[PDB]
Amino acid sequence: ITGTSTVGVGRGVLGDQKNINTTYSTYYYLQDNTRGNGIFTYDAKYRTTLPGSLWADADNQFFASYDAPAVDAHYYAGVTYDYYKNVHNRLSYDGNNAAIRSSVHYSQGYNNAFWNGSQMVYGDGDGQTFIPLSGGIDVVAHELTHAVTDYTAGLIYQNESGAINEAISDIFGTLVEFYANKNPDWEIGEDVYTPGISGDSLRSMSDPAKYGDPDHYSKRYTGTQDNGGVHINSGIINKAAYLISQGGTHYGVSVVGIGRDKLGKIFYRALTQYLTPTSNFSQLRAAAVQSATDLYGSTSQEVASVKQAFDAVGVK
Ligand SMILES: [Ca+2]
Ligand SMILES: [Ca+2]
Ligand SMILES: [Ca+2]
Ligand SMILES: [Ca+2]
Ligand SMILES: [Zn+2]
Numbered sequence: 205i206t207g208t209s210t211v212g213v214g215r216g217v218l219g220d221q222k223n224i225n226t227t228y229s230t231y232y233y234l235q236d237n238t239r240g241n242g243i244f245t246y247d248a249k250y251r252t253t254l255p256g257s258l259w260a261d262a263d264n265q266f267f268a269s270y271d272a273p274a275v276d277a278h279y280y281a282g283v284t285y286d287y288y289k290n291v292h293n294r295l296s297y298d299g300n301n302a303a304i305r306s307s308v309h310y311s312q313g314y315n316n317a318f319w320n321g322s323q324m325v326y327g328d329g330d331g332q333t334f335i336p337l338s339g340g341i342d343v344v345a346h347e348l349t350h351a352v353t354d355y356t357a358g359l360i361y362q363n364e365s366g367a368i369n370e371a372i373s374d375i376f377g378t379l380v381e382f383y384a385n386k387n388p389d390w391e392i393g394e395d396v397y398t399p400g401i402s403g404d405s406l407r408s409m410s411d412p413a414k415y416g417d418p419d420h421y422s423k424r425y426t427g428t429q430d431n432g433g434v435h436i437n438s439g440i441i442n443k444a445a446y447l448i449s450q451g452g453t454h455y456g457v458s459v460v461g462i463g464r465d466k467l468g469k470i471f472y473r474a475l476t477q478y479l480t481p482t483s484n485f486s487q488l489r490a491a492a493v494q495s496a497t498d499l500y501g502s503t504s505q506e507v508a509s510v511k512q513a514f515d516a517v518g519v520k
């Protein structure tokens, strides 16, 4: 909508207070004009018709229980935008400042979130398995990263290319969580997962097997469930990325870690320069090796660590 840029205040899913960029035009709208061509947040009103209504508020204060998922979807979309702009010089998900749109209160008891090809969508959860999923910054960044992938490598959402697609979203979801620097970790979804169970998460990048996901290519899932295990076999790539950053010895193969920032540069370069819709795990390794070579040189520790990491998870 046309209006004037304003700044509201509210509370997110976890009870924390934050300021949010809004737009005034009779009502105050969750429309942030400070980032590219706008970040827009919508109310799906417990239904499945998308996007719903652009979120309107009478007084620019967002402290109602019903407001909380919208506050976090809106605010964490902005953080993710800032990450890609400041760290990777990428303007929104298409590289040309496309509007970022999100809908919250999707359906009833919906224990998921997703990028639907054009926008983000967040359930409120059922209060047992999940609380409203926009409360997790790694969830928000995970899903917006799908938009980035779909515009760049275009990895097909099945089998190994789909597992790479999922892993890329976990990797940059985690790096955005570290970038915002609020209780960062190598776990996925911990802030909105199982409110009655402390210390768990949906997936682990540091130890995928913690939740039954493979941590080595020999353990990969080869059936047809989950579009050929896209959320399962992602553990193999997640483990490789964790090793590249943090280091470790995995099934006897030692990896010298090179840090989060270099992990991000290597995988962003691989995603945007070398990966294709049909890339498999071995092709990802080659993309990452070439990316590290471009960035740091053929004889660098960085290249050596990429090789060791993919060796450790059995990807040749
Ligand atoms: Ca209000
Ligand atoms: Ca965390
Ligand atoms: Ca996390
Ligand atoms: Ca939990
Ligand atoms: Zn995903």
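Take 205 as the starting number for the sequence shown in mature numbering (1 follows the signal peptide of the UniProt record, and there is no 0) and just add one per residue.
Where is the CB? At the ideal position from N, CA and C, for every residue including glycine.
Can you list, in chain order, the residues of its chain whose CB lies under 8 Å from that of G400, leaving out five sequence neighbours each side?
Only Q332 meet the Cβ criterion.
Within 8 Å, do at least three Cβ pairs link the segment 307-314 to the segment 269-288?
The segment 269-288 vs the segment 307-314: in contact.
Residues sharing a beta bridge with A317, DSSP
The beta-bridge partner set that DSSP reports for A317 consists of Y326.
Among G321, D328 and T226, which one has its Cα closest to the Cα of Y250?
When only C-alpha atoms are compared, the closest one is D328.
If you draw a straight line from the alpha carbon of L479 to that of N387, how long is it in whole angstroms?
Answer to the nearest angstrom: the Cα atoms are 31 Å apart.
Can you pull the DSSP bridge partners for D276?
DSSP, once it has assigned bridges, lists no residue as partnering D276.
For the alpha helix (DSSP H) containing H346, name the first residue and the last one.
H346 -> alpha helix (DSSP H) spans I341 to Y355.
Taking 6 Å as the limit between beta carbons, can you name the residues of its chain near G518, skipping five residues before and five after?
Sequence-distant partners of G518 (beyond 5 residues in either direction) whose C-beta falls short of 6 Å from its own C-beta, in its chain, are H420, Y421 and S422.
Return the Cβ separation of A357 and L475 in integer angstroms, given the expectation that the two are a contact with Cβ distance under 8 Å.
The Cβ separation is near 5 Å, so the contact holds.
Do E394 and ligand 5 come close, with the Cβ less than 7 Å from some heavy atom?
No; taking the cut-off as 7 Å, the Cβ of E394 has no heavy atom of ligand 5 nearer than that.
Please identify the residue among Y280, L499 and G456 whose C-alpha is closest to the C-alpha of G216.
The residue among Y280, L499 and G456 with its C-alpha nearest the C-alpha of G216 is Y280.
Can we count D411 as close to ligand 3, meaning its CB is less than 7 Å from some heavy atom?
Checking every heavy atom of ligand 3 against the Cβ of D411, none is found closer than 7 Å.
If I'm right that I448 touches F485 with Cβ under 8 Å, what's the distance once you round it to whole angstroms?
About 15 Å separates the CB atoms of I448 and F485; that is not less than 8 Å, and the two are not in contact.
Using 8 Å as the cut-off, can you tell me whether the segment 289-299 makes contact with the segment 390-398, which would need three or more C-beta pairs spanning the two stretches below that distance?
The answer is no - the segment 390-398 does not touch the segment 289-299, with fewer than three Cβ pairs under 8 Å.
Helix, strand or coil for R424, going by three-state DSSP, please let me know.
The answer is coil: DSSP assigns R424 none of H, G, I, E or B.
According to DSSP, what are the bridge partners of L258?
In the DSSP assignment, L258 forms a beta bridge with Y246.
Regarding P255 and ligand 4, is the C-beta to nearest heavy atom distance less than 7 Å?
No.
Taking DSSP's pairing of strands, which residues face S306 in a bridge?
Looking at the DSSP output, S306 bridges to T245 and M324.
Whole-Å CB distance - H278 paired with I243, under 8 Å assumed:
Yes, they are in contact, since the Cβ atoms of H278 and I243 sit about 6 Å apart, within 8 Å.
Have a look at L488, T426, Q487 and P418 and flag the residue whose alpha-carbon is nearest the alpha-carbon of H454.
Nearest of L488, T426, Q487 and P418 to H454, Cα basis: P418.
Residue nearest to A351 in terms of C-alpha spacing, selected from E364, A367, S322 and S365
Comparing Cα-Cα distances from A351 to each of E364, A367, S322 and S365, the minimum goes to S322.
Around the Cβ of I205, are there at least 16 other Cβ atoms within 10 angstroms (buried) or fewer (exposed)?
By the neighbour-count rule (16 or more Cβ atoms within 10 Å), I205 is not buried but exposed.
Please classify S209: is it buried, with 16 or more other beta-carbons within 10 angstroms of its beta-carbon, or exposed?
Exposed, because fewer than 16 other Cβ atoms sit within 10 Å of the Cβ of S209.
Status (buried if at least 16 other CB within 10 Å, exposed otherwise) for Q235:
Classification of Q235: buried, given that the 10 Å Cβ count is 16 or more.
Whether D342 touches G377 by CB criterion (8 Å)
In contact: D342 and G377 (Cβ atoms closer than 8 Å).
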